[PDB]
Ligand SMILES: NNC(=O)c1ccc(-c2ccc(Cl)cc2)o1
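Form deposited without the ligand, single chain, as structure tokens, below.
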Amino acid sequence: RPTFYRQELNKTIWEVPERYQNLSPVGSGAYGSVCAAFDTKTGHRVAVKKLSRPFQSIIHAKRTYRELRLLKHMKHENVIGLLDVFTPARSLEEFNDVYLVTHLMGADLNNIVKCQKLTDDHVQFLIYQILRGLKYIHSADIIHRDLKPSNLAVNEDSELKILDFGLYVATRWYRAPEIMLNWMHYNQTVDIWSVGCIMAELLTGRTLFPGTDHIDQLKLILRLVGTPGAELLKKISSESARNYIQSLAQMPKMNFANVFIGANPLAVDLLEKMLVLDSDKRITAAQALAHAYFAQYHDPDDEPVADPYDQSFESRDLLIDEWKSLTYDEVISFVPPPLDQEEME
């Protein structure tokens, strides 16, 4: 049995195995807060997330189970997965705290594009990695729904992982219009809209749709992509919203080549395929990986899909103690991955 120690971090007690040393706060995460640490077993740097009040209500309890199940399933180089999960509890009766461990990623994408005019080759690499991770999560019927630069973890060598998928005023600047405006049906390509917004900003250094509210954001979007047809109204429940959109003066789609002046023409073409209002016409992650913009990185042998993921629990209402016990089971059954899981191609 491992020995634990206590340390006050972010004004609360963390209780962690002696294996993890030199804890230092590196910000909040979904439903928790994060510390960087040194893993003395392997000499690797890790990030430890302490979940906040994981079993306070059925909402917290089910989201704790959801996140642990999700992260235990994710095994992809561009997606946050788990090195460890631990609790100081010695039994289910004592179980009230959950800590998740992953490889340390020092930055988010805002740290990459803020003070650096990125080269096109570098933008290609960043977007390629997002799309590789999305192909994997989408293949398990998992969608992000709120993909944005602050949900992309990046290390010192620009290697990137998607986080907080499948789950305070948040930015809406990167959200798919069908999500932001609560349209009646959508698909995995909500995340592709977000990729387009991120890519546009990496190329120009400026936010693509910096709307002040949902109406202002929609107007900015429609100025670029043009007014939609009546078919798109099919997806919108609110009559007031439909009447408003229909009432707007007709706007043509802009030529993206005139918007992204001086960009690689292949980048412009890809943006045209991502930034489309009709979600059934939007390019998928797998299709985008085959686009010529990524020719120097694309490798079909290294763009894997996910093992099937059983999400039957999502439709079930269980008691708090049932979610807690299921979560405890998943903590106990966790098998740490090998330190080296890759081989030369």
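Numbers follow the displayed sequence, beginning with 1.
One more form of this protein, solved in complex with the ligand, exists but is not displayed; see below.
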Report task. May I ask you to decide between open and blocked for this site, after superimposing the site C-alphas so that the ligand adopts its pose in the entry with it bound, counting ligand atoms within 2.4 Å of backbone or C-beta atoms with 3 as the threshold? Result -> blocked
Report task. Mark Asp280 yes when one of its heavy atoms lies within 4.5 Å of a heavy atom of the ligand in the entry with it bound, and no otherwise. Result -> yes
Requested in this report: May I ask you to check whether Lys135 falls inside a 4.5 Å heavy atom distance of the ligand in the entry with it bound?
Outcome: no
Query raised in the report: Does every residue of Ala286, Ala290 and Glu303 put a non-hydrogen atom within 4.5 angstroms of the ligand in the entry with it bound?
Result: no
Query - Stretch 183-208: residues contacting the ligand in the entry with it bound, 4.5 Å heavy atom cut-off - result: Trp183, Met184
